[PDB]
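> Fold the following for me, if possible:
(chains A, B, C and D)
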There are 4 protein chains.
Amino acid sequence: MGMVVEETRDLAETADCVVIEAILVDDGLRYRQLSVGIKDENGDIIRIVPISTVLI
Amino acid sequence: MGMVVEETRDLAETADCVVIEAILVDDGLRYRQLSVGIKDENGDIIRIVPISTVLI
Amino acid sequence: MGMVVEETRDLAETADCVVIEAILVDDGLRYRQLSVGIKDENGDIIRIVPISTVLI
Amino acid sequence: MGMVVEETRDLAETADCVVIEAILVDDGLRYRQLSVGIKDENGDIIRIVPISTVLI
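Numbering: from 1, shown residues only, chains lettered A, B, ... in the order given. And now the structure:
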């Protein structure tokens, strides 16, 4: 724990990949993280590849 | 044209998706663009989904 | 040109500069672009300098 | 904890603040983290505030 995920959002999606946004809160500060999720044949996310996190 | 792609780079790759970086130069300014490329069964990129561009 | 400007907004203004926000839509996805406008003595904007674009 | 700090670097320093850079490696990918360190009267850093992390 320690850091808390407050919100997630699907920004763009494909058969195989999805661009994810998360709002993180750690030690009283708010961050916006953009990630790429990797989907298998069943449409599930098998790997998250964080791309960028920024203070907001 | 007008804007010039100066450099591209593979930051992370998967069977299906790749995280791309490009250095763009437009009107004398330099930008770093992060994108997600969508790959087909043959490993080729069929769609680029820009995620973020920032002045550097 | 593929991308469509859907909204602009004046976020902050100064004697010399103004912070502009735009919502861009390209290939069905929405982006938030922040720019800085340069104002002359006559109160007009003489140059717009894009700072960052991000998928929203 | 999955992610490994591989390099830190002092990019700029001031009476009160110091700009820190770190290279993080997680799941085989490398990230560049920029933080701000807060210095007290005794020249020591009292708080580190992460500003941005990006895949490189």
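
> Which helix or strand contains the closest residue to chain C within chain A?
Residue nearest to chain C within chain A (C-beta to the nearest C-beta): residue A:11, separated by 5.0 Å. No exception for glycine: its C-beta is placed from N, CA and C like everyone else's. Using DSSP states H and E, residue A:11 sits in strand A:4-13.

> Give me the distance between that strand and the centre of its chain.
Distance, stretch centre to chain centre, for strand A:4-13: 5 Å (C-alpha atoms, centre = their mean, to the nearest Å).

> Repeat that for stretch A:33-49.
Distance, centroid of stretch A:33-49 to centroid of chain: 9 Å (C-alpha atoms, centre = their mean).

> same check, this time on stretch A:8-27
For stretch A:8-27 - counting by C-alpha atoms, centre = their mean - the centre lies 4 Å from the chain centre.

> and it, is it in reach of chain B?
Yes - using C-beta under 8 Å from any C-beta of the partner chain, we find that stretch A:8-27 touches chain B at A:12, A:14, A:16, A:17, A:19.

> Neighbours of the closest residue to the first one other than its chain neighbours, how many?
Spatial nearest neighbour of residue A:12, excluding adjacent residues (C-beta to C-beta, 6 or more residues apart in numbering or on different chains): residue A:19 at 4.3 Å. Taking other C-beta atoms under 10 Å in any protein chain shown as the criterion, the count of residues near residue A:19 is 23.

> Repeat that for the one 5 residues further on.
Per other C-beta under 10 Å, the neighbour tally for residue A:24 reads 17.

> so how far is residue A:6 from it?
Noted for residue A:24: a distance of 7 Å to residue A:6, by C-beta to C-beta, to the nearest Å.

> any residues in contact with both of these two?
residue A:30 (C-beta atoms under 8 Å, 6 or more residues apart in numbering or on different chains).

> now residue A:10, nearest residue through space, not along the chain?
residue A:18 (6.0 Å).

> check contacts around the one you found.
With C-beta under 8 Å, 6+ apart, residue A:18 has these contacts: A:10, A:12, A:36, A:37, A:39, A:45.

> Could you give me the buried positions within the helix or strand in which it is found?
Taking DSSP H and E as the criterion, residue A:18 maps to strand A:17-26. The neighbour-count check on strand A:17-26 (16 or more other C-beta atoms under 10 Å in any protein chain shown) flags A:17, A:18, A:19, A:20, A:21, A:22, A:24 as buried.

> what helix or strand does the nearest residue to the fourth one once chain neighbours are set aside sit in?
Using C-beta to C-beta, 6+ apart and skipping residues adjacent in sequence, the residue nearest residue A:20 is residue A:35, 4.5 Å away. Residue A:35 is part of strand A:29-39 when elements are defined by DSSP H and E.
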